[PDB]
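Quick notes on the structure that follows.
In what follows, chains are A, B, ... by sequence order, proteins preceding strands, each numbered from 1.
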Amino acid sequence: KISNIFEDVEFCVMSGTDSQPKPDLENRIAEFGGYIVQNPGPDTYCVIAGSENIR
Amino acid sequence: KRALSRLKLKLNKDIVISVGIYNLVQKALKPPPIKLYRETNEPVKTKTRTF
Amino acid sequence: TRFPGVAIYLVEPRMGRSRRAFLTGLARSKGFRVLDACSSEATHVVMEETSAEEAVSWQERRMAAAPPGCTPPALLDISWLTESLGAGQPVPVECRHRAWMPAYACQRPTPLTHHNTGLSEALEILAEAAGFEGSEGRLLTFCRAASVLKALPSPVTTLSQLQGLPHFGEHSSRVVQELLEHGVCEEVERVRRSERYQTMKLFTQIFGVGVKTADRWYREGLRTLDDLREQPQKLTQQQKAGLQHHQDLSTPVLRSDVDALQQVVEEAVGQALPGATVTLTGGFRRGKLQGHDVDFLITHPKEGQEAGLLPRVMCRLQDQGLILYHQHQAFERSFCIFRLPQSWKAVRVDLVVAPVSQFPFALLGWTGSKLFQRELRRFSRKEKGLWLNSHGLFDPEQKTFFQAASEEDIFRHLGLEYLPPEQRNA
Amino acid sequence: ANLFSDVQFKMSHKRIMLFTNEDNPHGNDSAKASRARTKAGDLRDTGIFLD
DNA sequence: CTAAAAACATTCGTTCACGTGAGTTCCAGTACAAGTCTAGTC
DNA sequence: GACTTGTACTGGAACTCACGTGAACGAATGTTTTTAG
Ligand SMILES: Nc1ncnc2c1ncn2[C@H]1C[C@H](O)[C@@H](COP(=O)(O)NP(=O)(O)OP(=O)(O)O)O1
Ligand SMILES: [Mg+2]
Ligand SMILES: [Mg+2]
């Protein structure tokens, strides 16, 4: 918990960049005390995606 | 190959033989959908109760 | 609330949120006082699809965080709540709603006197009978069971006090049943009355006669002591000496004889060499008031001095005119038959010489009981992986001895609590 | 063969696929070729089909 | 009066959830065989 | 006799497949009632 900038959030991540793939991004965003959802929902603030795949 | 049922063909009350039933043609159905937890995408047990 | 004297609380783990809400709403509509959260005001708690033990685990964890003096709520099943809702009032509560004895003998002390004399004697008799047949495993297990019974803190009167005890299987449990329920056990009395047991016991009491020789004589037709004396040509020196003084050696040795023997031996040891020390080991060192022989250990404070003490002391004693039989008539061990003044009597005496470095090891090896020594060696080699004998402790991995300057270090380095000799009685 | 033996589920078929473009791998050597023939024969006798 | 816009009623197909009988196989449980039981001296 | 280790056998449960029963939604059609022109 380096800092508190997100507080309560329902971030969704689908496809990260090559330099920092999904495994390196989920914990990175979690470190800010947020919430990770594998799929989007009504509470989800935004969905993070890199390459535009089918999903 | 799998027999649907091993049944008993009775030509009489005493003359009896054993036969097997197979489905050479069967409708192809899409795989059954399953329920997963949205937050972390894991299987969720389904339970039904009556009170 | 319309029922000030009743308070109920629900549990999330198994009941479920939807069922929680439905039951709470129904109970409130029926006037019952349902608590949203656990509090000291709660008087009863309902658990569904859960075992009693877990419920207790649920209560204790909650009680540890509560102020002292609070009356714990009664643990109940969902059946109570359903019945109360059906009847509309709280239904009365009924019954439905509402390290240890180590296997190794080296860890459990065994005082000299116990409260299970009869059972221990019966088990020892069974072990002796089994050994007479050459089955060492049966003798060992029966001796272990007897030792386990000896270490029981309190007398055993009910069968239920035999489940946790190790080395207690079908045969030992059945023997204990026969002993406790009726008295004299059928098997124990049968084996005791067997003439084979009696003749083998009589033969074994003869010095120099073992189980194999006793069995051979049995199969050769010698059914009494007289036949042995009839043909004194197949008896070796040990057997002849034992039979000649059978009566004297049969009588148990008392402590007075032990003190007299020690006083006599001290002079011989001093004459052989000054500055030597003699220690009394064996059963007497454990506090026994009786025995069959006096066990001694001779040592010197210096390292290299202990080279040839035993021959010199033996020769001095022979010049005294007290030795009737000698093992050999360089050595570091000898058992004899002393002629102590009385008239005179024949008493067996055992002498052992060891260096000061190995003194604690020999002292431990000779003080502890046979079964205790066997169990300690097995524990050392199996659990700790170290080889223990009368000379020293050896580590197969690291080829270096683990000697120590005190006997207690042996128990300290084996990861075992220290015991005194009195508590090492099997 | 070790990979085949590692699994525990009953195997109805055991097949090996060789993707290569070397008609004569062990050309310079001869003992290696004979060892290969012996191993192939052992596999065939065991019940493994190589293509 | 008139037709037309809305509302209502019906049947069918697809989806899903649950229950249940039958065939296959995988594995926990059971049974049984073999080894061990202290270490040394003489 | 009691414990430990290793091997072999075997019946029950998990899985799959297939069918039957019941409930729900939407498409397409037909029919009835009500209201503006
Ligand atoms: N088979 C054995 N294995 C290991 N140590 C043994 C042993 N036999 C004896 N010892 C060790 C341990 C023994 O404590 C010590 C004494 O041997 P005894 O004089 O033959 N037996 P005790 O003195 O206990 O009974 P009593 O007073 O009636 O003479 O020697
Ligand atoms: Mg003794
Ligand atoms: Mg002795």
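C/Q237 places its CD atom 17 Å from the P atom of E/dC42, with the value rounded to the nearest Å. As rounded to whole Å, 15 Å separates atom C1' of E/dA17 from atom CG of B/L29. When rounded to the nearest whole Å, the span between CG of C/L393 and P of E/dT38 equals 17 Å. One interatomic measurement links the two molecules: CG of B/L7 to P of E/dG21, which rounds to 15 Å at whole-angstrom precision. Here E/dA17 presents its P atom at 17 Å from CZ of B/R49, a figure rounded to the nearest Å. Distance CG (C/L388) to P (E/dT38): 13 Å, rounded to an integer number of Å.
A donor-acceptor contact closer than 3.5 angstrom is absent between the side chains of C/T279 and C/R285. Between the side chains of B/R49 and C/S18, a donor-acceptor pair is found at a separation under 3.5 Å. Under the 3.5 Å distance criterion, with hydrogens and angles disregarded, a donor-acceptor pair is assigned to the side chains of B/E42 and B/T40.
In this structure, the side chain of C/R108 engages the main chain of C/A103 through a donor-acceptor pair within 3.5 Å.
Listed by residue number, C/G137 are the residues of residues 125-139 of chain C with a heavy-atom contact under 4.0 Å to DNA chain E. Of the residues in residues 347-382 of chain C, C/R374, C/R377, C/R381 come within less than 4.0 Å of DNA chain E through at least one heavy atom, sorted by number.
Taking the nucleotide of DNA chain E with the nearest heavy atom to each of B/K35 and C/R333, the more 5' of the two is matched to B/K35. Residue whose closest nucleotide on DNA chain E sits further toward the 5' end, between B/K47 and C/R144: B/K47.
Note on C/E48 versus C/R19: salt bridge recorded, some NZ/NE/NH1/NH2 to OD/OE distance being below 4.0 Å. Classification of C/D319 and C/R316 as a salt-bridged pair fails, no side-chain N sitting under 4.0 Å from a carboxylate O. Using a cut-off of 4.0 Å between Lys/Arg side-chain N and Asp/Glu carboxylate O, C/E124 and C/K150 are scored as salt-bridged.
Between B/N23 and F/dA18, a side-chain N or O to OP1/OP2 separation shorter than 4.0 Å is present. Close to F/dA2, at under 4.0 Å from its OP1 or OP2, lies a side-chain N or O of C/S172.
No cation-pi contact links C/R196 to C/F132, judged by a cut-off of 6.0 Å to the six-membered ring centre and 45° from its axis.
Across every strand in view, F/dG26 sits in a pair with E/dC12 that passes the Watson-Crick or G-U test at under 3.5 angstrom. With both pairing distances under 3.5 Å, E/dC42 is matched to nothing as a Watson-Crick or G-U wobble pair.
You'll find the ring centres of C/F142 and C/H171 inside the 6.0 Å limit. When ring centroids are compared, C/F394 and C/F401 come within the 6.0 Å threshold. Residues C/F22 and B/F51 place their aromatic rings such that the two centres sit under 6.0 Å apart.
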Produce the list of close N/O pairs, under 3.5 Å, pairing protein atoms with atoms of nucleotides 23-25 of chain E; give distances to one decimal.
from, atom 1, to, atom 2, distance (Å)
E/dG23, OP1, B/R6, N, 3.4
E/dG23, OP1, B/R6, NE, 3.4

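Side chains of C/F284 and C/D295 form no contact here, defined as non-hydrogen atoms less than 4.5 Å apart.
Comparing E/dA17, F/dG1, E/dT15 against the side chain of B/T46 picks out E/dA17 as the nearest.
B/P33 comes within 4.0 angstrom of sugar-phosphate atoms only, judged by non-hydrogen atoms across all strands, and of no base.
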